[PDB]
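Residue-level structural notes
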Amino acid sequence: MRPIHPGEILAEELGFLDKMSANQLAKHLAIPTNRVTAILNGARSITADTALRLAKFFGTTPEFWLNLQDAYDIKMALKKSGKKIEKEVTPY
Amino acid sequence: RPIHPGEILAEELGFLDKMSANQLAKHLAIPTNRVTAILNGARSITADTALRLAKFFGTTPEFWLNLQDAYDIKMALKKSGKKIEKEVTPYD
Amino acid sequence: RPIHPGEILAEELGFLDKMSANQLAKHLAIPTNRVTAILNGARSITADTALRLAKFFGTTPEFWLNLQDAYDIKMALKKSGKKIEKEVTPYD
Amino acid sequence: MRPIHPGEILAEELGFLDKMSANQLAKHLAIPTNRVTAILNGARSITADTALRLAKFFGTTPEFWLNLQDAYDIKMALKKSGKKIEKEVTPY
């Protein structure tokens, strides 16, 4: 399957919560609206700090959010270098 | 206890006829400086690195990224844990 | 720094929807008491356990036994390191 | 390949070193002759303490000797429970 940026999933969640805006979330998380918008647009990653804030707000684990980022990063890395890694890296 | 993934990598390397960072860097096809930085816990493991470690050590890429996440979370908690607990309003 | 393999196992478990020792014990088909002891660093990982972890986590069994060995070596050095250095004559 | 008990390899090494006896090695390592004999006969395992002593005497790493034990343990575990583990353990 295609890479799913965490911002995609975050957007879906916001929508379910009475169509919560980027500004609303930013205030709830106490972070710049720019940071939320960037994540929603897939222009920035979820850091550990953001994961902790999201976890506290949504009542999830921070691991959940970082694993979403990992999944996306892995798929992006596979698209960019997957084949080259198969040819380069010695299977021990 | 915050364990950097580089610490685990170092332990595993010790069982491969005491493999050096330079030798591992060759197997993974990445700069020696990147491997050394990771071993010293001065640099994080990216998805690209995780994929190469997975191929080399016969693991999943998630196994390594998970260790990085766990470390990142503990460092973030140490730095901003109390701040986040105070600033963030649980949606509930 | 002596890292018990149970510490690494615990970190990895945190990313599987916060899996409990009992749940993992079911997946590995071993007693919960054995998993708990390992997590608490009160019991060593045997080859049998290493094989089940390898299957479950998608790693090699050596990956886990290596971590156990590294821990065992450091504990042995702490306990008898100076004694061994004094008592043992290098063949050379 | 069949399981190779470390004692088998130890025996071969002793033979090369002017047909060194169990007693001779035991004195060199400062351990009971019984312990050496038991290892040679495949009746006892190489512990971390023994690995450290062997490493100092033969000029190897302790990891080398423990990895020999691991290899043997894994193959023995596969013979005893390999099939059952394949049927029991959930591949995650």
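Residues numbered from 1 in each chain as written, not as in the entry; some residues may be left out. Chains lettered and ligands numbered in written order. Heavy atoms only, no water.

**Side note on the overall build of chain A**
As a reminder of what qualifies: Secondary structure elements follow DSSP: runs of H or I no shorter than four residues count as helices, runs of E no shorter than two count as strands, and numbering proceeds from the N terminus. Only the C-alpha atoms count toward the radius of gyration. The rule for a globule is 2.2 Å times the residue count to the power 0.38. Each residue is placed in one exposure class: buried if its accessible area under a 1.4 Å probe, protein chains only, is under 20% of its type's maximum, exposed if it is over 50%, and partly exposed if it falls in between. Contact criterion: two residues are considered in contact whenever any of their non-hydrogen atoms come within 4.5 Å of each other. Only the protein chains shown count as cover for residues, and all accessible areas are computed by the Shrake-Rupley method using a 1.4 Å probe. For this count, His and the chain ends are skipped, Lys and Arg are scored as positive, and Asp and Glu as negative. Charge positions come from single atoms, namely NZ of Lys, CZ of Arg, CG of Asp or CD of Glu.
For chain A, the count of helices and strands is five helices and zero strands. Secondary structure elements of chain A occur, N-terminal to C-terminal, as α-α-α-α-α. Rg of the C-alpha trace for chain A: 15 Å, well past the compact-globule value of 12 Å for 92 residues, more than 25% over. With 92 residues in all, chain A has 45% of them scored as buried. Of the contacts formed within chain A by residues at least 6 apart in sequence, a portion of 50% connects residues at least 24 apart. Of the accessible surface of chain A, which amounts to about 5200 Å², a share of 54% is contributed by carbon and sulfur atoms. In chain A, the 13 positive side-chain charges and the 10 negative ones have mean positions that sit 6 Å from each other.

**Quick look at the environment of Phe15 of chain C**
Here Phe15 of chain C is to be found in the loop between helix 1 (5–13) and helix 2 (21–28). The class for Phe15 of chain C is buried, based on a relative accessible area of 8%. Sequence separation between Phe15 of chain C and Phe57 of chain C is 42 residues; the distance between their C-alpha atoms is 12 Å. Filtering out sequence-adjacent residues up to four positions away, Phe15 of chain C remains in contact with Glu63 and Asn67 of chain A together with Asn66, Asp69 and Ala70 of chain B.

**Focus: unusual backbone geometry**
Residue and element names in this part refer to chain D. Of note, the phi angle at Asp18 is positive, near 55 degrees, even though the residue is not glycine. A residue is classified by how much of its surface remains accessible, and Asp18, at 66% relative accessible area, is exposed. Non-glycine residue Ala30 carries a positive phi angle of around 65 degrees. Overall, the relative accessible area of 38% leaves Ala30 in the partly exposed class.

**A few points about the interface of chain A and chain B**
We apply this condition: Buried area, as used here, totals the accessible surface that two parts lose on assembly, with accessibility defined by a 1.4 Å probe and the loss added over both. Should a side-chain nitrogen of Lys or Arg be within 4 Å of a carboxyl oxygen of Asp or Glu, the pair is scored as a salt bridge. Polar contact is defined as a pair of N or O atoms within 3.5 Å, subject to the rule that within protein one atom must be able to donate a hydrogen and the other to accept it, and that residues adjacent in sequence are counted only when both atoms are side-chain atoms.
Listed per partner, the contact involves 29 residues of chain A and 28 residues of chain B. Buried area between chain A and chain B, both sides added, is near 2700 Å², and the carbon and sulfur share of it is 65%. On inspection of chain A and its partner chain B, the count reaches four salt bridges. The partner of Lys55 of chain B in a salt bridge is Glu86 of chain A, with the nearest N and O atoms 2.8 Å apart. Counting across the interface, chain A meets chain B through nine residue pairs in polar contact. Listed by contribution, the elements that provide at least two residues to the side of chain A that touches chain B are helix 2 (22–29), helix 4 (48–58) and helix 5 (62–88) of chain A. No other element matches helix 5 of chain A, which puts 13 residues into the side of chain A that touches chain B.

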